[PDB]
Enquirer: 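Encoded as C-alpha cells, here's the structure I'll be asking about.
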Amino acid sequence: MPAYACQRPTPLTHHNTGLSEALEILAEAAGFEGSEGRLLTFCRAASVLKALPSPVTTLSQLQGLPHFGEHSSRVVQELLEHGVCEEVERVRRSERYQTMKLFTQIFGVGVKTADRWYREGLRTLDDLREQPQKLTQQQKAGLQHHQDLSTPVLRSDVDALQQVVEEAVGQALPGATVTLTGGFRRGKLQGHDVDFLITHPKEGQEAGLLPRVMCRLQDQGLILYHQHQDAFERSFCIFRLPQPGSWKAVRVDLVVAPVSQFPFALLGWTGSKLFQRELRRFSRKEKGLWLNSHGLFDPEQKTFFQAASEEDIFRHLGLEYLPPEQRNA
DNA sequence: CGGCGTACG
DNA sequence: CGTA
DNA sequence: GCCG
Ligand SMILES: Nc1ccn([C@H]2C[C@H](O)[C@@H](COP(=O)(O)NP(=O)(O)OP(=O)(O)O)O2)c(=O)n1
Ligand SMILES: [Cl-]
Ligand SMILES: [Mg+2]
Ligand SMILES: [Mg+2]
Ligand code: NA
C-alpha cells in the first residue's frame, strides 16, 4: 500500500465503508477545530481503507498500512470489537459538532464564520434568519435555498442541465465545449452540485467567455444566484432545475480554461478533493514539480510542462494512470 | 522536529 | 472572508 | 495524527 492516495486506485464503492465513515467523522471534527494536520491524517487513513481489496476483520490487518497509528488503529479496533467507537459517537452527538456541521453546510459559510456564530451562542438556521443584518448576500441566498441545496443532485438531472448550459455557451462562443467534471465524472450517482468545465479548441478564444455565458443564463431566467448578477473564470451559482409541476434550486459550478490548460483543469476539477491535495503534495515533495489546475511547473528549469491529456500529466509525474472512477480517494 | 494544496471571487 |  |  503506497503512502500517497494518487499512487493507488480508489473506487467509489469498497469493502470498508463503515470504518472509513467513522474515521471521516473524526476528520471533519478536527477541521471544525482548525486542526488541519489531524484532519489530513484521518482522511488519509480512511482513504487507505477505501483502497483495500477486502474487508478489515482483524486489527493485525492494519499492520504496515500507512497513516494508521495508535489513534486510528484504536478507532478501528473498537468498531471491530463492539460495532461502535465511543469517541466517534461522542463527536456525533456533541452540540459543537452538530452545529458546526449545520452552519458550514450553508453556501457562503465556512469554518471561521460558523465558529464565530457558535461562540456568539447561535445554534439553528432560524437563529440566523432572525438576525439577517449580519449576513452577506451570498449567505442570504445560501440560507434561503438551504433546504433545496441539502437535497442530492441526481445523475439523471445532469444531462438536461448540461444541455441548457451548452445552449448558452454556444451562443456566447460558437465551438466552445462543456465537459462534466467533479464527482459525477468519477461515477457518483448523486452530488452536492454539478461541476462543468468550459473551453474552446482555439487557444485564446475563451478569454472573456464566462461573463457572456452567465449573462445568457441569467437572461433565460435560470440563475437564482450568482456573484455577478469585471473579468472572471469561475462561477459558483444557484440554478433553477425543473421538477414535476415545479422546480428546485441546485448548485452549479462553471469554470473556463484555455485549451492548453484543459488537461490540468480537468484533472483538478475531477477530484476527489483529497486525491488532488495528495497529487499536488506528491508532485512537489517527491518530484520537485509544482502542480495546480493551470499547469505543472519545473522550478529549476523555470518551465511549464505541456500536456495534451490527463494521461500526459500522470506520465510526467511518474505515476500509473488512474481513470476518474479510481480517483475516489 | 516541520510539514500538511493551491488556486480564484 | 468566501469558493473549487 | 502521522510520516519521513
Ligand atoms: N477544496 C477543494 C474543493 C474542490 N476541489 C476539486 C476536486 C473536487 O472533486 C472538484 C469539485 O469540487 P466539489 O464540487 O466541491 N466536490 P465533488 O464534485 O467531488 O463532490 P460533490 O460534493 O460536489 O458531490 O474540485 C479541490 O481540488 N479542492
Ligand atoms: Cl488551482
Ligand atoms: Mg461537485
Ligand atoms: Mg463544485
Ligand atoms: Na459552507
Side-chain angles (χ1 to χ4, degrees), chain A residues 1-6 23-24 26-27 29-31 33-35 37 39-48 62 64-69 71-76 87 103-117 135-136 138-143 149 181-183 185 191-198 210-211 214 225-226 228-229 231-238 251-257 261 264-286 289-297 329:
Chain A
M1 174 76 57
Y4 292 83
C6 57
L23 292 165
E24 288 180 343
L26 299 181
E33 304 311 310
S35 310
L39 172 148
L40 283 171
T41 283
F42 283 131
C43 285
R44 291 165 182 169
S47 185
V48 162
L62 302 179
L65 292 179
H67 307 295
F68 277 85
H71 200 146
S72 303
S73 294
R74 189 244 302 150
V75 174
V76 170
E87 183 186 6
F103 287 174
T104 56
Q105 274 165 353
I106 303 168
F107 178 66
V109 183
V111 168
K112 275 163 186 171
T113 297
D115 176 66
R116 175 170 59 76
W117 291 347
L135 303 170
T136 66
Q138 190 183 45
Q139 288 164 354
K140 289 177 184 184
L143 194 51
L149 296 189
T181 182
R185 185 169 179 251
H192 113 285
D193 74 355
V194 190
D195 305 281
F196 291 118
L197 171 59
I198 300 167
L210 196 48
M214 294 309 303
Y225 177 82
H226 73 115
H228 299 87
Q229 74 205 334
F232 58 99
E233 66 204 42
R234 301 175 180 186
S235 180
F236 322 120
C237 78
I238 303 180
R251 279 274 294 106
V252 176
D253 290 333
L254 306 181
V255 52
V256 171
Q261 297 180 8
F264 299 99
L266 183 63
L267 181 61
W269 283 77
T270 297
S272 71
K273 174 176 169 179
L274 177 65
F275 189 99
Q276 296 305 312
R277 298 174 78 152
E278 291 278 286
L279 186 67
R280 294 178 189 192
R281 187 171 68 99
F282 177 86
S283 182
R284 175 181 287 265
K285 300 302 188 183
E286 304 303 327
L289 303 178
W290 300 348
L291 179 65
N292 66 16
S293 72
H294 303 330
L296 178 64
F297 186 72

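Letters go in sequence order (proteins before strands), and every chain restarts at 1. We use all heavy atoms of the structure for the numbers below, so side chains are in, but hydrogens, waters and symmetry mates are not.
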Enquirer: In whole angstroms, how far is the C1' atom of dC8(B) from the CD atom of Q261(A)?
Expert: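 Answer to the nearest Å: 13 Å.
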Enquirer: Given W290(A), which of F282(A), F264(A), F297(A) fulfils the ring pair (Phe, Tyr, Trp, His ring centres under 6.0 Å) condition?
Expert: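 Between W290(A) and the candidates, ring pair (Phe, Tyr, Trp, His ring centres under 6.0 Å) is satisfied uniquely by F297(A).
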Enquirer: Starting from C1' on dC8(B), measure out to CZ on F264(A) and report it in whole angstrom.
Expert: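 Those two atoms, CZ and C1', are 18 Å apart.
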Enquirer: Name the nucleic acid region contacted by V109(A), choosing base, sugar-phosphate or nothing; use a 4.0 angstrom heavy-atom cut-off, strictly under.
Expert: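 It contacts sugar-phosphate atoms only.
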Enquirer: Keeping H67(A) on the side-chain end and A3(A) on the backbone end, is there a donor-acceptor pair under 3.5 Å?
Expert: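 Judged by distance alone, yes, a pair lies under 3.5 Å.
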Enquirer: Provide, to the nearest angstrom, the distance between the NE2 atom belonging to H228(A) and the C1' atom belonging to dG9(B).
Expert: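 About 6 Å, once rounded to whole Å.
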Enquirer: Round to the nearest Å and state the distance from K273(A) atom NZ to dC4(B) atom P.
Expert: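 To the nearest whole Å, that distance equals 16 Å.
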Enquirer: Would you please confirm or rule out a distance under 4.0 Å between OP1 or OP2 of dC2(D) and any side-chain N or O of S72(A)?
Expert: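 Looking at the OP1 and OP2 atoms of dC2(D), one of them is under 4.0 Å from a side-chain N or O of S72(A).
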Enquirer: When you check the phosphate oxygens OP1 and OP2 of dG9(B), does a side-chain N or O of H226(A) lie under 4.0 Å from one of them?
Expert: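 Looking at the OP1 and OP2 atoms of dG9(B), neither is under 4.0 Å from any side-chain N or O of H226(A).
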Enquirer: Would you name the heavy atoms of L143(A) and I106(A) that are closest together and state the gap between them?
Expert: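 For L143(A) and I106(A), the tightest heavy-atom pair comes out as N-CG2, 4.0 Å.
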Enquirer: If I pick the P atom on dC4(B) and the same atom on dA4(C), what distance separates them, to the nearest angstrom?
Expert: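 Taking atom P in both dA4(C) and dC4(B), they lie 23 Å apart.
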Enquirer: Which nucleotide in the list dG5(B), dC8(B), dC3(D) gets nearest to the side chain of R234(A)?
Expert: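 Ranking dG5(B), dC8(B), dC3(D) by closest atom to the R234(A) side chain puts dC8(B) first.
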Enquirer: Distance check needed: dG1(D) P versus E33(A) CD, whole Å only.
Expert: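 Computing the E33(A):CD to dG1(D):P distance gives 13 Å.
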Enquirer: Counting only side-chain N and O atoms of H67(A), is one of them less than 4.0 Å from OP1 or OP2 of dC2(D)?
Expert: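 Negative; the distance criterion is not met.
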Enquirer: Does the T181(A) side chain pair with the main chain of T270(A), one donor and one acceptor, at a distance under 3.5 Å?
Expert: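 The answer is yes, because a donor-acceptor pair under 3.5 Å joins these two groups.
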Enquirer: Between the main-chain N or O of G108(A) and the side-chain N or O of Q139(A), is there a donor-acceptor pair closer than 3.5 Å?
Expert: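 At least one qualifying donor-acceptor pair exists.
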Enquirer: Could you check whether any side-chain N or O of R251(A) sits under 3.5 Å from a backbone N or O of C237(A), counting only pairs where one atom can act as donor and the other as acceptor?
Expert: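 Side chain of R251(A) to backbone of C237(A), a donor-acceptor pair under 3.5 Å: yes, one is there.
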Enquirer: Could you work out which one of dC2(D), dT6(B), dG4(D) sits closest to the side chain of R280(A)?
Expert: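 Closest nucleotide to the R280(A) side chain: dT6(B).
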Enquirer: Counting the atoms with a prime plus P, OP1 and OP2 as sugar-phosphate, which does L279(A) contact under 4.0 Å by heavy atoms, base, sugar-phosphate, or nothing?
Expert: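 Nothing, no nucleic acid heavy atom in range.
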Enquirer: Below 4.0 Å from chain A heavy atoms, what is the first contacting nucleotide of DNA chain C and what is the last?
Expert: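 Answer, 5' to 3': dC1(C) to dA4(C).
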Enquirer: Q138(A) CD to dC8(B) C1': how many Å, rounded?
Expert: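 In whole Å, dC8(B) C1' lies 13 Å from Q138(A) CD.
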Enquirer: Are the side chain of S283(A) and the backbone N or O of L289(A) linked by a donor-acceptor pair below 3.5 Å?
Expert: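 The answer is yes, because a donor-acceptor pair under 3.5 Å joins these two groups.
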Enquirer: Need one value for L23(A): base, sugar-phosphate or nothing, where a base atom within 4.0 Å counts as base even if backbone is also close, heavy atoms only.
Expert: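 It contacts nothing in the nucleic acid.
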Enquirer: Determine whether a donor-acceptor pair (N or O, by modelled atom type, separation under 3.5 Å) exists between the side chain of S73(A) and the backbone of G69(A).
Expert: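 Yes, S73(A) side chain to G69(A) backbone: donor-acceptor pair under 3.5 Å.
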Enquirer: Of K285(A) and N292(A), whose closest DNA chain B nucleotide lies nearer the 5' terminus?
Expert: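 Closest to the 5' end, via its nearest nucleotide, is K285(A).
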Enquirer: Without decimals, in angstroms, what is the distance between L62(A) CG and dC2(D) P?
Expert: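 Interatomic distance, CG of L62(A) to P of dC2(D): 11 Å.
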Enquirer: Looking for any heavy atom pair under 4.0 Å, which part of the strands does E233(A) touch: base, sugar-phosphate only, or nothing?
Expert: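 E233(A): backbone/sugar contact only, no base atoms under 4.0 Å.
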Enquirer: Taking the same atom, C1', in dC8(B) and in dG1(D), what whole-Å distance lies between them?
Expert: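 Here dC8(B) and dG1(D) have their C1' atoms 30 Å from each other.
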Enquirer: Please give, in whole Å, the distance from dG4(D) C1' to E286(A) CD?
Expert: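 The distance from CD of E286(A) to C1' of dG4(D) comes to 9 Å, rounded to the nearest Å.
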Enquirer: Which nucleotide, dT6(B), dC3(D), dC4(B), lies nearest any side-chain atom of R44(A)?
Expert: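 Closest of the options to the side chain of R44(A): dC4(B).
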